[PDB]
$ cat upload.cif   # mmCIF, C-alpha atoms and all ligand atoms
data_my_file
loop_
_atom_site.label_atom_id
_atom_site.label_comp_id
_atom_site.auth_asym_id
_atom_site.auth_seq_id
_atom_site.Cartn_x
_atom_site.Cartn_y
_atom_site.Cartn_z
CA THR Y 1 -37.91 -103.53 -52.81
CA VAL Y 2 -41.37 -102.79 -51.40
CA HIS Y 3 -42.02 -100.24 -54.17
CA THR Y 4 -41.80 -103.05 -56.74
CA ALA Y 5 -44.17 -105.37 -54.88
CA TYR Y 6 -46.64 -102.51 -54.45
CA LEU Y 7 -46.73 -101.64 -58.15
CA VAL Y 8 -46.85 -105.25 -59.38
CA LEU Y 9 -49.68 -106.13 -56.99
CA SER Y 10 -51.52 -102.95 -58.01
CA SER Y 11 -51.23 -104.00 -61.66
CA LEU Y 12 -52.58 -107.44 -60.74
CA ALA Y 13 -55.44 -105.80 -58.83
CA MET Y 14 -56.31 -103.66 -61.85
CA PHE Y 15 -56.26 -106.71 -64.13
CA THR Y 16 -58.51 -108.80 -61.90
CA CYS Y 17 -60.77 -105.78 -61.38
CA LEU Y 18 -61.24 -105.40 -65.15
CA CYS Y 19 -61.91 -109.13 -65.49
CA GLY Y 20 -64.46 -108.75 -62.71
CA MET Y 21 -66.12 -105.89 -64.59
CA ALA Y 22 -66.45 -108.12 -67.65
CA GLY Y 23 -67.77 -111.11 -65.71
CA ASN Y 24 -70.24 -109.18 -63.57
CA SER Y 25 -71.52 -107.29 -66.61
CA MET Y 26 -72.14 -110.60 -68.38
CA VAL Y 27 -73.91 -112.01 -65.31
CA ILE Y 28 -76.08 -108.88 -65.06
CA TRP Y 29 -76.93 -109.11 -68.77
CA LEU Y 30 -77.91 -112.77 -68.39
CA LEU Y 31 -80.27 -111.95 -65.48
CA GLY Y 32 -82.67 -109.16 -66.43
CA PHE Y 33 -86.40 -109.76 -66.09
CA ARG Y 34 -86.08 -113.53 -66.69
CA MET Y 35 -84.23 -116.43 -65.04
CA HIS Y 36 -85.59 -115.27 -61.67
CA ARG Y 37 -88.34 -117.79 -60.91
CA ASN Y 38 -85.57 -119.62 -59.03
CA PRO Y 39 -85.16 -118.29 -55.46
CA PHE Y 40 -81.37 -118.43 -56.03
CA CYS Y 41 -81.21 -115.68 -58.67
CA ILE Y 42 -82.05 -112.41 -56.91
CA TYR Y 43 -79.08 -112.79 -54.57
CA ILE Y 44 -76.74 -113.63 -57.45
CA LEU Y 45 -77.83 -110.58 -59.47
CA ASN Y 46 -77.53 -108.27 -56.45
CA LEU Y 47 -74.11 -109.71 -55.65
CA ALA Y 48 -73.03 -109.20 -59.26
CA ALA Y 49 -74.16 -105.57 -59.14
CA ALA Y 50 -72.41 -104.94 -55.81
CA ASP Y 51 -69.23 -106.64 -57.03
CA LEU Y 52 -69.33 -104.59 -60.24
CA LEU Y 53 -69.61 -101.37 -58.23
CA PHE Y 54 -66.80 -102.52 -55.90
CA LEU Y 55 -64.44 -103.50 -58.73
CA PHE Y 56 -65.18 -100.28 -60.63
CA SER Y 57 -64.47 -98.34 -57.44
CA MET Y 58 -61.07 -99.99 -57.01
CA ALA Y 59 -60.34 -99.47 -60.71
CA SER Y 60 -60.98 -95.75 -60.27
CA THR Y 61 -59.10 -95.64 -56.96
CA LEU Y 62 -56.02 -97.30 -58.45
CA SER Y 63 -56.14 -94.99 -61.47
CA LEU Y 64 -56.51 -91.86 -59.32
CA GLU Y 65 -53.87 -92.69 -56.71
CA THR Y 66 -51.26 -93.00 -59.48
CA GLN Y 67 -51.44 -89.33 -60.51
CA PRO Y 68 -50.73 -86.84 -57.68
CA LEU Y 69 -53.71 -86.12 -55.40
CA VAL Y 70 -53.14 -82.38 -55.46
CA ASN Y 71 -56.52 -80.66 -55.22
CA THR Y 72 -58.94 -82.22 -57.71
CA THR Y 73 -58.21 -85.98 -57.64
CA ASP Y 74 -58.60 -86.18 -53.86
CA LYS Y 75 -62.23 -85.45 -52.97
CA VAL Y 76 -63.57 -87.73 -55.71
CA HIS Y 77 -60.86 -90.26 -54.85
CA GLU Y 78 -62.01 -90.46 -51.23
CA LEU Y 79 -65.64 -90.51 -52.38
CA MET Y 80 -65.07 -93.55 -54.55
CA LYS Y 81 -62.87 -95.20 -51.92
CA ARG Y 82 -65.82 -94.89 -49.52
CA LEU Y 83 -68.01 -96.28 -52.30
CA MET Y 84 -65.58 -99.19 -52.68
CA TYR Y 85 -65.74 -100.02 -48.99
CA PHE Y 86 -69.54 -99.72 -48.99
CA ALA Y 87 -69.76 -102.09 -51.96
CA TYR Y 88 -67.27 -104.48 -50.35
CA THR Y 89 -69.35 -104.59 -47.16
CA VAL Y 90 -72.59 -105.18 -49.05
CA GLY Y 91 -70.93 -107.89 -51.15
CA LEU Y 92 -69.74 -109.71 -48.04
CA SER Y 93 -73.22 -109.44 -46.53
CA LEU Y 94 -74.71 -110.80 -49.76
CA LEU Y 95 -72.31 -113.75 -49.67
CA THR Y 96 -73.45 -114.49 -46.11
CA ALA Y 97 -77.08 -114.28 -47.23
CA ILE Y 98 -76.43 -116.63 -50.17
CA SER Y 99 -74.78 -119.21 -47.92
CA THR Y 100 -77.59 -119.02 -45.37
CA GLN Y 101 -80.19 -119.41 -48.12
CA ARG Y 102 -78.39 -122.46 -49.50
CA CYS Y 103 -78.23 -124.01 -46.03
CA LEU Y 104 -81.93 -123.34 -45.38
CA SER Y 105 -82.87 -124.80 -48.77
CA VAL Y 106 -81.86 -128.25 -47.47
CA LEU Y 107 -82.37 -127.90 -43.71
CA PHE Y 108 -86.03 -126.89 -44.24
CA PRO Y 109 -87.00 -127.88 -47.80
CA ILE Y 110 -90.77 -127.92 -47.31
CA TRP Y 111 -90.64 -124.42 -45.82
CA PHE Y 112 -88.32 -123.23 -48.58
CA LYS Y 113 -90.74 -124.50 -51.23
CA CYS Y 114 -94.30 -124.05 -49.94
CA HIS Y 115 -93.80 -121.37 -47.26
CA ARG Y 116 -90.96 -118.98 -48.12
CA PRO Y 117 -92.29 -115.59 -49.28
CA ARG Y 118 -91.76 -114.96 -52.98
CA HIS Y 119 -90.19 -111.58 -52.16
CA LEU Y 120 -88.25 -112.53 -49.02
CA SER Y 121 -85.00 -112.30 -50.97
CA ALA Y 122 -86.02 -108.89 -52.34
CA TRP Y 123 -86.51 -107.15 -49.01
CA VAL Y 124 -83.61 -108.99 -47.37
CA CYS Y 125 -81.43 -107.52 -50.13
CA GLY Y 126 -83.04 -104.12 -49.64
CA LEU Y 127 -82.43 -104.24 -45.89
CA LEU Y 128 -78.82 -105.31 -46.45
CA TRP Y 129 -78.24 -102.41 -48.85
CA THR Y 130 -79.90 -99.94 -46.46
CA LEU Y 131 -77.89 -101.14 -43.45
CA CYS Y 132 -74.63 -101.06 -45.42
CA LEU Y 133 -75.38 -97.53 -46.65
CA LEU Y 134 -76.19 -96.38 -43.11
CA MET Y 135 -73.05 -97.96 -41.63
CA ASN Y 136 -70.84 -96.56 -44.38
CA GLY Y 137 -72.42 -93.13 -44.00
CA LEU Y 138 -71.49 -93.28 -40.33
CA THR Y 139 -67.99 -94.45 -41.25
CA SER Y 140 -67.45 -91.66 -43.78
CA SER Y 141 -69.03 -89.00 -41.55
CA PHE Y 142 -66.53 -89.78 -38.77
CA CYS Y 143 -63.41 -90.80 -40.74
CA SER Y 144 -63.29 -88.60 -43.84
CA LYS Y 145 -60.73 -85.81 -43.98
CA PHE Y 146 -63.37 -83.69 -45.77
CA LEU Y 147 -66.85 -84.54 -44.45
CA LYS Y 148 -66.06 -84.62 -40.73
CA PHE Y 149 -62.86 -85.97 -39.21
CA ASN Y 150 -62.13 -87.40 -35.78
CA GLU Y 151 -59.83 -89.95 -34.17
CA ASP Y 152 -61.78 -91.48 -31.27
CA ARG Y 153 -65.11 -91.59 -33.11
CA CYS Y 154 -63.54 -92.96 -36.30
CA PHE Y 155 -61.74 -95.66 -34.32
CA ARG Y 156 -64.96 -96.55 -32.51
CA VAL Y 157 -66.86 -96.82 -35.80
CA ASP Y 158 -64.13 -99.01 -37.31
CA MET Y 159 -64.14 -101.19 -34.19
CA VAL Y 160 -67.91 -101.67 -34.24
CA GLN Y 161 -67.83 -102.45 -37.97
CA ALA Y 162 -65.05 -105.00 -37.44
CA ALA Y 163 -66.95 -106.56 -34.55
CA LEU Y 164 -70.10 -106.74 -36.69
CA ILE Y 165 -68.32 -108.41 -39.62
CA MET Y 166 -66.02 -110.80 -37.76
CA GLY Y 167 -68.70 -111.78 -35.24
CA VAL Y 168 -71.75 -112.05 -37.47
CA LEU Y 169 -70.85 -112.50 -41.13
CA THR Y 170 -67.95 -114.95 -40.76
CA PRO Y 171 -69.56 -117.12 -38.04
CA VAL Y 172 -72.96 -117.22 -39.76
CA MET Y 173 -71.50 -117.96 -43.20
CA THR Y 174 -69.06 -120.59 -41.92
CA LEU Y 175 -71.67 -122.34 -39.77
CA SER Y 176 -74.25 -122.30 -42.57
CA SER Y 177 -71.83 -123.67 -45.16
CA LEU Y 178 -70.46 -126.37 -42.83
CA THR Y 179 -74.00 -127.33 -41.79
CA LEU Y 180 -74.87 -127.72 -45.47
CA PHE Y 181 -71.73 -129.81 -46.02
CA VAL Y 182 -72.35 -132.05 -43.00
CA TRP Y 183 -76.07 -132.51 -43.70
CA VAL Y 184 -75.43 -133.49 -47.32
CA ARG Y 185 -72.55 -135.80 -46.35
CA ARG Y 186 -74.51 -137.54 -43.58
CA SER Y 187 -77.86 -137.67 -45.41
CA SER Y 188 -77.22 -138.19 -49.14
CA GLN Y 189 -73.72 -139.61 -49.61
CA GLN Y 190 -74.77 -142.96 -48.11
CA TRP Y 191 -77.87 -143.51 -50.28
CA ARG Y 192 -77.24 -142.00 -53.72
CA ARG Y 193 -73.97 -141.47 -55.57
CA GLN Y 194 -71.69 -139.18 -53.60
CA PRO Y 195 -72.37 -135.45 -54.30
CA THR Y 196 -68.75 -134.63 -55.09
CA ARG Y 197 -69.76 -131.44 -56.90
CA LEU Y 198 -71.63 -130.11 -53.86
CA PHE Y 199 -68.71 -130.79 -51.51
CA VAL Y 200 -66.13 -129.24 -53.84
CA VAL Y 201 -68.17 -126.10 -54.57
CA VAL Y 202 -69.03 -125.56 -50.89
CA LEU Y 203 -65.38 -125.95 -49.90
CA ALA Y 204 -64.24 -123.64 -52.71
CA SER Y 205 -66.74 -120.98 -51.63
CA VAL Y 206 -65.67 -121.15 -47.97
CA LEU Y 207 -61.98 -121.16 -48.88
CA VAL Y 208 -62.22 -118.20 -51.25
CA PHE Y 209 -64.35 -116.23 -48.78
CA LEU Y 210 -61.97 -116.88 -45.88
CA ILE Y 211 -58.62 -116.38 -47.62
CA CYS Y 212 -59.62 -113.82 -50.24
CA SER Y 213 -62.46 -111.59 -49.06
CA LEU Y 214 -61.64 -111.03 -45.38
CA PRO Y 215 -58.03 -109.68 -45.79
CA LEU Y 216 -59.34 -106.24 -46.79
CA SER Y 217 -61.79 -106.18 -43.87
CA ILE Y 218 -59.24 -107.33 -41.30
CA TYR Y 219 -56.75 -104.77 -42.60
CA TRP Y 220 -59.01 -101.73 -42.93
CA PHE Y 221 -60.98 -102.23 -39.73
CA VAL Y 222 -58.32 -103.77 -37.46
CA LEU Y 223 -54.78 -103.61 -38.84
CA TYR Y 224 -55.18 -99.93 -39.75
CA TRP Y 225 -55.39 -98.82 -36.12
CA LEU Y 226 -52.95 -101.24 -34.49
CA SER Y 227 -49.44 -99.79 -34.29
CA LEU Y 228 -47.65 -101.43 -37.22
CA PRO Y 229 -44.40 -100.26 -38.83
CA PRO Y 230 -44.47 -98.81 -42.35
CA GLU Y 231 -43.07 -100.54 -45.46
CA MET Y 232 -45.01 -103.62 -44.31
CA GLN Y 233 -48.43 -102.04 -43.84
CA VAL Y 234 -48.33 -101.20 -47.56
CA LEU Y 235 -47.73 -104.88 -48.33
CA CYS Y 236 -50.66 -105.96 -46.15
CA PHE Y 237 -52.94 -103.37 -47.78
CA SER Y 238 -51.93 -104.36 -51.31
CA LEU Y 239 -52.30 -108.08 -50.59
CA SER Y 240 -55.73 -107.35 -49.12
CA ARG Y 241 -56.84 -105.45 -52.22
CA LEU Y 242 -55.57 -108.18 -54.54
CA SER Y 243 -57.28 -110.94 -52.55
CA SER Y 244 -60.57 -109.05 -52.38
CA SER Y 245 -60.53 -108.24 -56.10
CA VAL Y 246 -59.78 -111.89 -56.90
CA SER Y 247 -62.69 -112.99 -54.72
CA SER Y 248 -65.08 -110.51 -56.35
CA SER Y 249 -63.95 -111.50 -59.85
CA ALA Y 250 -64.35 -115.21 -59.02
CA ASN Y 251 -67.79 -114.81 -57.42
CA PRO Y 252 -69.60 -114.95 -60.82
CA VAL Y 253 -67.74 -118.14 -61.76
CA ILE Y 254 -68.33 -119.89 -58.43
CA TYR Y 255 -71.93 -118.72 -57.89
CA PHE Y 256 -73.54 -118.19 -61.31
CA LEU Y 257 -71.77 -120.74 -63.54
CA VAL Y 258 -72.11 -123.33 -60.76
CA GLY Y 259 -75.88 -123.03 -60.53
CA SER Y 260 -76.64 -122.09 -64.14
CA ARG Y 261 -79.37 -124.71 -64.41
CA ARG Y 262 -81.62 -122.40 -66.44
CA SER Y 263 -78.96 -121.20 -68.90
CA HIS Y 264 -77.82 -124.80 -69.53
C1 LIG Y 301 -77.56 -107.91 -36.94
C2 LIG Y 301 -76.65 -107.20 -37.94
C3 LIG Y 301 -76.98 -107.52 -39.40
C4 LIG Y 301 -76.96 -109.02 -39.71
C5 LIG Y 301 -77.36 -109.36 -41.14
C6 LIG Y 301 -77.19 -110.84 -41.50
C7 LIG Y 301 -77.36 -111.15 -42.98
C8 LIG Y 301 -77.20 -112.62 -43.33
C9 LIG Y 301 -78.19 -113.54 -42.61
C10 LIG Y 301 -79.61 -113.47 -43.19
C11 LIG Y 301 -79.65 -113.52 -44.72
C12 LIG Y 301 -80.39 -114.73 -45.28
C13 LIG Y 301 -81.81 -114.91 -44.72
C14 LIG Y 301 -82.62 -115.99 -45.43
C15 LIG Y 301 -82.49 -115.97 -46.95
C16 LIG Y 301 -83.35 -117.03 -47.71
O1 LIG Y 301 -83.37 -118.17 -47.18
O2 LIG Y 301 -83.93 -116.64 -48.77
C1 LIG Y 302 -85.18 -115.30 -42.82
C2 LIG Y 302 -85.02 -116.82 -42.70
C3 LIG Y 302 -86.17 -117.49 -41.93
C4 LIG Y 302 -85.99 -119.00 -41.73
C5 LIG Y 302 -87.11 -119.64 -40.91
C6 LIG Y 302 -87.10 -121.17 -40.91
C7 LIG Y 302 -88.49 -121.78 -40.75
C8 LIG Y 302 -88.49 -123.21 -40.20
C9 LIG Y 302 -89.89 -123.71 -39.83
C10 LIG Y 302 -89.89 -125.05 -39.09
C11 LIG Y 302 -89.50 -126.25 -39.96
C12 LIG Y 302 -90.53 -126.60 -41.04
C13 LIG Y 302 -90.17 -127.83 -41.88
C14 LIG Y 302 -89.83 -129.07 -41.03
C15 LIG Y 302 -90.98 -129.54 -40.13
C16 LIG Y 302 -90.56 -130.45 -38.92
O1 LIG Y 302 -89.71 -129.92 -38.15
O2 LIG Y 302 -91.10 -131.58 -38.85
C1 LIG Y 303 -77.72 -97.79 -52.74
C2 LIG Y 303 -79.03 -98.04 -51.99
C3 LIG Y 303 -79.97 -98.99 -52.74
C4 LIG Y 303 -81.21 -99.39 -51.93
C5 LIG Y 303 -82.14 -100.35 -52.67
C6 LIG Y 303 -81.40 -101.39 -53.51
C7 LIG Y 303 -82.30 -102.49 -54.08
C8 LIG Y 303 -81.57 -103.50 -54.95
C9 LIG Y 303 -82.50 -104.44 -55.72
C10 LIG Y 303 -83.44 -105.25 -54.81
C11 LIG Y 303 -84.51 -106.03 -55.58
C12 LIG Y 303 -84.01 -106.66 -56.89
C13 LIG Y 303 -85.12 -107.08 -57.85
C14 LIG Y 303 -86.22 -107.92 -57.18
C15 LIG Y 303 -87.38 -108.27 -58.11
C16 LIG Y 303 -88.47 -109.23 -57.51
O1 LIG Y 303 -88.04 -110.36 -57.16
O2 LIG Y 303 -89.64 -108.77 -57.44
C1 LIG Y 304 -80.58 -94.34 -45.76
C2 LIG Y 304 -79.55 -94.84 -44.74
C3 LIG Y 304 -78.87 -93.70 -43.96
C4 LIG Y 304 -77.93 -92.84 -44.81
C5 LIG Y 304 -77.29 -91.68 -44.04
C6 LIG Y 304 -76.59 -92.12 -42.75
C7 LIG Y 304 -76.23 -90.96 -41.83
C8 LIG Y 304 -75.34 -89.90 -42.50
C9 LIG Y 304 -73.99 -89.72 -41.81
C10 LIG Y 304 -74.07 -89.04 -40.45
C11 LIG Y 304 -73.94 -87.51 -40.50
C12 LIG Y 304 -74.01 -86.84 -39.12
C13 LIG Y 304 -73.30 -87.62 -38.01
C14 LIG Y 304 -73.21 -86.86 -36.68
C15 LIG Y 304 -72.48 -85.52 -36.78
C16 LIG Y 304 -72.08 -84.87 -35.41
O1 LIG Y 304 -72.44 -85.49 -34.37
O2 LIG Y 304 -71.43 -83.80 -35.51
#
$ encode --input "upload.cif" --output "structure tokens" --more "lines below"
Ligand SMILES: CCCCCCCCCCCCCCCC(=O)O
Ligand SMILES: CCCCCCCCCCCCCCCC(=O)O
Ligand SMILES: CCCCCCCCCCCCCCCC(=O)O
Ligand SMILES: CCCCCCCCCCCCCCCC(=O)O
Amino acid sequence: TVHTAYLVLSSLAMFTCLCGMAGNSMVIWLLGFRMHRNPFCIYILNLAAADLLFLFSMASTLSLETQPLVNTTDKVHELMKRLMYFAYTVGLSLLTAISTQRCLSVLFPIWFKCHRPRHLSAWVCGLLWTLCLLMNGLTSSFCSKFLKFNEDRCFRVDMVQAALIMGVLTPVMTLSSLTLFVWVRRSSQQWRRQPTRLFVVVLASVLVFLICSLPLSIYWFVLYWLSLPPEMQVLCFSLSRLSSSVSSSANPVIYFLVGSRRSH
């Protein structure tokens, strides 16, 4: 019954996590000190690193939660689960930043070329990492069974994190991507040959972000606390992990391969 769906989806999650390790390692290798004169390369490398950490963290979590969590595979297990959620949050924030950068590259092209700071991406990434680390430190300091545990404070932290994500990251990313789509459609499709590639890649990015990345967020930060019966909460959690791992493994294909002008 449910114990078969759980194990099969966990096996799928492990497989896509390992594929994500391979892909993100290749992307990291291909972006070292070079192929970064393009303003669209710092974000991709940072996203690859964050996705690699996130997929490694689920790989470890799935390996550890198989064997009994008696006394020694529990503290490290929760540590790397917190690491996984931190990396997931920073990856979602990086996706939002990438979409906003792509939108601004066409909404304000003169500013993007002759006025954007050469290191704007660098400190935006640094600020995103710092904010994600601070928020996840708050989350772990109020929700961990080891560090410091509470019910009301943990619920409040989860609620504020869910509000932040679902009211900043999803609206900003969706509006930026749809503004890019509409601007290209209503400004370039009429004059030149229709940019079919741009439309299809933008739609694929939005679709994969909406139906693959959010499930884990909407489960962990919302569906966890709402009173839901068991034997179905496991299914939601496992579907969320599989969708998020698929999204993180497909990010290198949809962001680096589509946009590999330099490596061509
Ligand atoms: C207020 C809470 C935190 C909100 C963080 C939002 C992160 C995504 C939006 C800004 C990122 C992209 C900024 C411009 C990037 C560029 O054009 O190089
Ligand atoms: C962190 C992201 C910051 C984004 C700031 C956007 C700057 C826009 C500046 C005004 C538009 C300049 C180019 C068009 C000029 C015009 O309107 O005629
Ligand atoms: C876990 C906390 C980490 C905090 C700092 C993380 C910084 C990640 C890397 C940001 C900059 C990447 C390289 C930029 C190079 C450049 O364009 O000069
Ligand atoms: C560099 C970014 C910040 C990283 C650290 C974030 C804060 C750590 C977690 C909070 C620990 C203490 C929380 C309050 C404890 C209490 O009120 O009993």
$ closest_residue --input "upload.cif" --among "Y:237, Y:149, Y:256, Y:33" --to "residue 13 of chain Y" --atoms "only C-alpha atoms"
Y:237
$ residues_around --input "upload.cif" --residues "residue 154 of chain Y" --least-positions-apart "3" --cutoff "8 Å" --atoms "only C-alpha atoms" --output "NGL selection string"
:Y and (139 or 142-143 or 149-151 or 157-158)
$ closest_residue --input "upload.cif" --among "Y:113, Y:175, Y:121, Y:15" --to "residue 44 of chain Y" --atoms "only C-alpha atoms"
Y:121
$ closest_atom_pairs --input "upload.cif" --of "chain Y" --to "ligand LIG 303 (chain Y)" --cutoff "12 Å" --atoms "only C-alpha atoms and all ligand atoms" --output "JSON lines"
{"residue": "Y:28", "atom": "CA", "partner": "Y:LIG303", "partner_atom": "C12", "distance": 11.6}
{"residue": "Y:31", "atom": "CA", "partner": "Y:LIG303", "partner_atom": "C13", "distance": 10.3}
{"residue": "Y:32", "atom": "CA", "partner": "Y:LIG303", "partner_atom": "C13", "distance": 9.2}
{"residue": "Y:33", "atom": "CA", "partner": "Y:LIG303", "partner_atom": "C15", "distance": 8.2}
{"residue": "Y:34", "atom": "CA", "partner": "Y:LIG303", "partner_atom": "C15", "distance": 10.1}
{"residue": "Y:35", "atom": "CA", "partner": "Y:LIG303", "partner_atom": "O1", "distance": 10.7}
{"residue": "Y:36", "atom": "CA", "partner": "Y:LIG303", "partner_atom": "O1", "distance": 7.1}
{"residue": "Y:37", "atom": "CA", "partner": "Y:LIG303", "partner_atom": "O1", "distance": 8.3}
{"residue": "Y:38", "atom": "CA", "partner": "Y:LIG303", "partner_atom": "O1", "distance": 9.8}
{"residue": "Y:39", "atom": "CA", "partner": "Y:LIG303", "partner_atom": "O1", "distance": 8.6}
{"residue": "Y:40", "atom": "CA", "partner": "Y:LIG303", "partner_atom": "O1", "distance": 10.5}
{"residue": "Y:41", "atom": "CA", "partner": "Y:LIG303", "partner_atom": "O1", "distance": 8.8}
{"residue": "Y:42", "atom": "CA", "partner": "Y:LIG303", "partner_atom": "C12", "distance": 6.1}
{"residue": "Y:43", "atom": "CA", "partner": "Y:LIG303", "partner_atom": "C12", "distance": 8.2}
{"residue": "Y:44", "atom": "CA", "partner": "Y:LIG303", "partner_atom": "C12", "distance": 10.1}
{"residue": "Y:45", "atom": "CA", "partner": "Y:LIG303", "partner_atom": "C12", "distance": 7.8}
{"residue": "Y:46", "atom": "CA", "partner": "Y:LIG303", "partner_atom": "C9", "distance": 6.3}
{"residue": "Y:47", "atom": "CA", "partner": "Y:LIG303", "partner_atom": "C8", "distance": 9.7}
{"residue": "Y:48", "atom": "CA", "partner": "Y:LIG303", "partner_atom": "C8", "distance": 11.1}
{"residue": "Y:49", "atom": "CA", "partner": "Y:LIG303", "partner_atom": "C8", "distance": 8.8}
{"residue": "Y:50", "atom": "CA", "partner": "Y:LIG303", "partner_atom": "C8", "distance": 9.3}
{"residue": "Y:53", "atom": "CA", "partner": "Y:LIG303", "partner_atom": "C1", "distance": 10.4}
{"residue": "Y:83", "atom": "CA", "partner": "Y:LIG303", "partner_atom": "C1", "distance": 9.8}
{"residue": "Y:86", "atom": "CA", "partner": "Y:LIG303", "partner_atom": "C1", "distance": 9.2}
{"residue": "Y:87", "atom": "CA", "partner": "Y:LIG303", "partner_atom": "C1", "distance": 9.1}
{"residue": "Y:90", "atom": "CA", "partner": "Y:LIG303", "partner_atom": "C1", "distance": 9.7}
{"residue": "Y:94", "atom": "CA", "partner": "Y:LIG303", "partner_atom": "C8", "distance": 11.3}
{"residue": "Y:117", "atom": "CA", "partner": "Y:LIG303", "partner_atom": "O1", "distance": 10.4}
{"residue": "Y:118", "atom": "CA", "partner": "Y:LIG303", "partner_atom": "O1", "distance": 7.2}
{"residue": "Y:119", "atom": "CA", "partner": "Y:LIG303", "partner_atom": "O1", "distance": 5.6}
{"residue": "Y:120", "atom": "CA", "partner": "Y:LIG303", "partner_atom": "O1", "distance": 8.4}
{"residue": "Y:121", "atom": "CA", "partner": "Y:LIG303", "partner_atom": "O1", "distance": 7.2}
{"residue": "Y:122", "atom": "CA", "partner": "Y:LIG303", "partner_atom": "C11", "distance": 4.6}
{"residue": "Y:123", "atom": "CA", "partner": "Y:LIG303", "partner_atom": "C10", "distance": 6.8}
{"residue": "Y:124", "atom": "CA", "partner": "Y:LIG303", "partner_atom": "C10", "distance": 8.3}
{"residue": "Y:125", "atom": "CA", "partner": "Y:LIG303", "partner_atom": "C10", "distance": 5.6}
{"residue": "Y:126", "atom": "CA", "partner": "Y:LIG303", "partner_atom": "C7", "distance": 4.8}
{"residue": "Y:127", "atom": "CA", "partner": "Y:LIG303", "partner_atom": "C5", "distance": 7.8}
{"residue": "Y:128", "atom": "CA", "partner": "Y:LIG303", "partner_atom": "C4", "distance": 8.4}
{"residue": "Y:129", "atom": "CA", "partner": "Y:LIG303", "partner_atom": "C4", "distance": 5.2}
{"residue": "Y:130", "atom": "CA", "partner": "Y:LIG303", "partner_atom": "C4", "distance": 5.7}
{"residue": "Y:131", "atom": "CA", "partner": "Y:LIG303", "partner_atom": "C2", "distance": 9.2}
{"residue": "Y:132", "atom": "CA", "partner": "Y:LIG303", "partner_atom": "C2", "distance": 8.5}
{"residue": "Y:133", "atom": "CA", "partner": "Y:LIG303", "partner_atom": "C2", "distance": 6.5}
{"residue": "Y:134", "atom": "CA", "partner": "Y:LIG303", "partner_atom": "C2", "distance": 9.5}
{"residue": "Y:135", "atom": "CA", "partner": "Y:LIG303", "partner_atom": "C2", "distance": 12.0}
{"residue": "Y:136", "atom": "CA", "partner": "Y:LIG303", "partner_atom": "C1", "distance": 10.9}
{"residue": "Y:137", "atom": "CA", "partner": "Y:LIG303", "partner_atom": "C1", "distance": 11.2}
$ axis_aligned_box --input "upload.cif" --around "segment 118-125 of chain Y" --padding-each-side "3 Å" --output "lines of an AutoDock Vina configuration file"
center_x = -86.6
center_y = -111.1
center_z = -50.2
size_x = 16.3
size_y = 13.8
size_z = 11.6
$ closest_residue --input "upload.cif" --among "Y:236, Y:218, Y:70, Y:103" --to "residue 162 of chain Y" --atoms "all atoms listed in the file"
Y:218
